[PDB]
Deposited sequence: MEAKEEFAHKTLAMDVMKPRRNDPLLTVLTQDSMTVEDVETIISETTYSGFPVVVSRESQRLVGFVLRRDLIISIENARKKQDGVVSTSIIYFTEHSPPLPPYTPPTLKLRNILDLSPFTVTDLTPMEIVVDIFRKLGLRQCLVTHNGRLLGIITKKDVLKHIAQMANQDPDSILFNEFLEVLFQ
């Protein structure tokens, strides 16, 4: 009966899984096919798909420019080059291509809310803090995302309730 963060977050019920980058296991081609196949403004970065523990958030525009420059740089970066967002590379097999550190375009302090947070509180946070997006979590794990336009679409939905009257 009470609208919560999980009710508004994407993905919804019949939506695909959250489009996420791993901190350690994405190749340059993986991320490029993500950039070409999506229009999302940004991507959460997690430790692994298993943990779904949030490492940060990275914008599409930054990735394009970074990777674009990277292949353009002759450090030898190729398609099968592993990208990492950690300070140091992960352990790599004998004959593997040069890596690409993208730590410097990662937002290490993304705004996050619990899935059980009331939407009234999320709306308020968005207004007072001027958020462009919010990540939604359950017990430390990444579940979904709420953007500014999602918040607006939710407000619109209510407008047709007394919770709409207090916003």
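Please list, in sequence order, every stretch of the deposited sequence that lacks C-alpha coordinates. Coordinates drop out over 1-8, 169-175, 183-185.
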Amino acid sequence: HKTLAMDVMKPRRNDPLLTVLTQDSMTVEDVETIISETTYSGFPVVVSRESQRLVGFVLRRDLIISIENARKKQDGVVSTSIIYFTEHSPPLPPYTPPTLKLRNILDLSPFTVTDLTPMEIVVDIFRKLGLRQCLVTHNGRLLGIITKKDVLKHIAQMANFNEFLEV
From here on, numbers count along this sequence of modelled residues.
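Higher mean Cα B-factor in the deposited model: 66-74 or 110-118? The entry gives the higher C-alpha B-factor average to 66-74.
If you average the CA temperature factors as listed in the entry, which stretch comes out higher, 11-19 or 145-153? If you average the C-alpha B-factors of 145-153 and of 11-19, the larger mean comes out for 11-19.
Top Cα B factor in the deposited entry, candidates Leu129, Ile105, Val136, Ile35: In this record, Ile35 carries the highest C-alpha B-factor of the candidates.
Which third, lowest, middle or highest, does the C-alpha temperature factor of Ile125 belong to within its own chain? As the PDB entry reports it, the C-alpha B-factor of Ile125 lands in the lowest third of its chain.
Compare the C-alpha B factor of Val45 with those of the other modelled residues in its chain, then answer lowest, middle or highest third. According to the entry, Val45 has a C-alpha B-factor in the chain's lowest third.
Modelled-residue ranking by C-alpha temperature factor, third containing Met26: Ranked within chain, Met26 CA B lands in the highest tercile.
Sorting by Cα B-factor within the chain, modelled residues only, which third would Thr96 end up in: lowest, middle or highest? For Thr96, whose C-alpha B-factor we compare with every modelled residue in the chain, the answer is the middle third.
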